[PDB]
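We number each residue from 1, following the sequence as shown. Every number for a ligand or one of its atoms is a count from 1 in the order of the listing.
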Amino acid sequence: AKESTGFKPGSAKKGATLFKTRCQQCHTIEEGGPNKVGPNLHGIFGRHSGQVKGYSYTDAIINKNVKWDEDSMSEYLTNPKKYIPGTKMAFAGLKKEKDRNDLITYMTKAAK
Ligand code: HEC
């Protein structure tokens, strides 16, 4: 389970640098930031998957229709393709809970 074992707040400082070194290659998170390889993530926590305007998503991500929160985000980041088979996000995954917690802490702050 997720709504059992998952998110506990971590370091936003650390999470910002994990976003830079691991996610920035394909995504922006600031308000008004553009879509790149991956879509802009501003407001992601208040949204279902495959909904940013102007981005070409896979049919799988749309169909999955996940309402993003800390728990589903934690699962997707662990192994994106295991969580949404057919997704085109090419990211090996963040296997350590500590790393995922730092990153999500950062993301929930920056995406609002
Ligand atoms: C390029 C090599 C990527 C890296 C590095 C990361 N992501 Fe990504 N992401 C990428 C693509 C091409 C897509 C769309 C996938 C599809 O199947 O259509 C995504 C999607 C996401 C999403 C879903 C967004 C939505 O609007 O539903 C999220 C939440 C997301 N990506 C987050 C994310 C994070 C936090 C990353 C760093 C650990 C990261 N991605 C890496 C491409 C790439």
Side-chain angles (χ1 to χ4, degrees):
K2 271 280 90 82
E3 61 107 285
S4 200
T5 300
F7 193 75
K8 298 181 103 219
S11 168
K13 272 162 186 91
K14 195 103 189 276
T17 71
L18 280 162
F19 186 91
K20 176 276 149 192
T21 62
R22 301 305 292 281
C23 313
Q24 180 192 58
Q25 182 199 345
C26 307
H27 290 284
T28 63
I29 194 160
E30 59 299 352
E31 209 260 322
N35 292 330
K36 303 196 294 168
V37 166
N40 167 270
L41 306 168
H42 203 76
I44 197 54
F45 294 103
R47 192 161 68 227
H48 287 82
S49 64
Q51 296 249 16
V52 180
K53 53 304 316 156
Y55 189 79
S56 300
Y57 289 96
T58 60
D59 291 349
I61 205 159
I62 305 166
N63 278 330
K64 183 66 176 182
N65 183 52
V66 204
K67 47 265 257 192
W68 299 115
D69 65 14
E70 299 89 320
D71 297 338
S72 45
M73 183 69 70
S74 188
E75 301 196 62
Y76 189 54
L77 301 179
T78 305
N79 193 139
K81 292 172 179 185
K82 179 78 196 183
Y83 190 64
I84 310 174
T87 187
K88 67 167 161 204
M89 170 163 145
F91 174 73
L94 269 179
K95 303 301 160 153
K96 285 166 63 49
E97 187 184 335
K98 283 156 211 91
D99 285 338
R100 296 194 300 284
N101 285 343
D102 293 338
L103 183 65
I104 297 160
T105 303
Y106 168 72
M107 282 180 77
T108 64
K109 184 7 55 229
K112 190 78 224 195

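- For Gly50, the closest heavy-atom approach to ligand 1 falls below 4.0 Å.
- Distance from atom 14 (C) of ligand 1 to its nearest protein heavy atom, with residue and atom name: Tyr55 OH, 3.5 Å.
- Each of the following atoms of ligand 1 lies closer than 4.0 Å to a heavy atom of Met73: 29 (C).
- What you find for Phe45 and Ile104 is that their closest heavy atoms are CZ-CG2, 4.4 Å.
- Of the protein's non-hydrogen atoms, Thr58 N, 2.9 Å is the one closest to atom 18 (O) of ligand 1.
- Heavy-atom contacts of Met107 reach the following atoms of ligand 1: 35 (C) (cutoff under 4.0 Å).
- Between the side chains of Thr28 and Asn40, a donor-acceptor pair is found at a separation under 3.5 Å.
- Residue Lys88 has at least one nitrogen or oxygen atom sitting less than 3.5 Å from a nitrogen or oxygen atom of ligand 1, judged on distance alone.
- Near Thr87, meaning under 4.0 Å from any of its heavy atoms, are these atoms of ligand 1: 15 (C), 16 (C), 17 (O).
- Within the 4.0 Å heavy-atom criterion, the part of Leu77 lying near ligand 1 is the side chain and not the backbone.
- Set against the non-hydrogen atoms of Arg22, the atoms of ligand 1 under 4.0 Å away are 5 (C), 37 (C), 41 (C).
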With a 3.5 Å cut-off and sequence neighbours excluded, list the donor-acceptor pairs that the side chains of residues 16-25 form with protein atoms.
{"unit_1": "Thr17", "atom_1": "OG1", "unit_2": "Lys14", "atom_2": "O", "d": "3.0"}
{"unit_1": "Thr21", "atom_1": "OG1", "unit_2": "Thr17", "atom_2": "O", "d": "2.8"}
{"unit_1": "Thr21", "atom_1": "OG1", "unit_2": "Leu18", "atom_2": "O", "d": "3.4"}

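- Scanning the protein for heavy atoms near atom 22 (C) of ligand 1, the closest one is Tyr76 CE2, 3.7 Å.
- A donor and an acceptor atom, one from each side chain of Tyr76 and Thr87, are located under 3.5 Å apart.
- For ligand 1, the atoms closer than 4.0 angstrom to any heavy atom of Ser49 are 27 (O).
- For ligand 1 and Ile61, the ligand atoms under 4.0 Å from any heavy atom of the residue are 16 (C), 17 (O), 18 (O), 23 (C).
- The number of heavy atoms from other shown groups lying within 6.0 Å of NZ (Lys88) is above 12.
- The shortest side-chain heavy-atom distance between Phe7 and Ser74 does not fall under the 4.5 Å cut-off.
- Residue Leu103 has at least one heavy-atom neighbour below 4.0 Å for each of these atoms of ligand 1: 38 (C).
- Atom NZ of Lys13 has 12 or fewer neighbouring heavy atoms from other residues, nucleotides or ligands inside a 6.0 Å radius.
- Under a 3.5 Å cut-off, the side chain of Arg47 and the backbone N or O of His42 do form a donor-acceptor pair.
- On a distance-only criterion, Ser56 and ligand 1 share no N/O pair closer than 3.5 Å.
- Each of the atoms 18 (O), 25 (C), 26 (O) of ligand 1 lies under 4.0 Å from some heavy atom of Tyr57.
- Exactly one of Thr78, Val66, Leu77 qualifies for a side chain to side chain contact (heavy atoms under 4.5 Å, CB included) with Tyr83. That residue is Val66.
- Donor-acceptor pairing under 3.5 Å is lacking for the side chains of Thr105 and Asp102.
- Side-chain atoms of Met73 and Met107, non-hydrogen and from C-beta on, do get closer than 4.5 Å to each other.
- The environment of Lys8 atom NZ is sparse: at most 12 non-hydrogen atoms of other residues, nucleotides or ligands sit within 6.0 angstrom.
- Take a cut-off of 2.8 Å around atom 8 (Fe) of ligand 1: the protein N, O or S atoms inside it are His27 NE2, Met89 SD.
- At a 4.0 Å heavy-atom cut-off, ligand 1 does not touch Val66 at all.
- Counting only heavy atoms from C-beta outward, the side chains of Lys67 and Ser72 never approach each other to under 4.5 Å.
- The structure places CG of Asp71 at 9.5 Å from OG of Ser4, a figure rounded to the nearest 0.5 Å.
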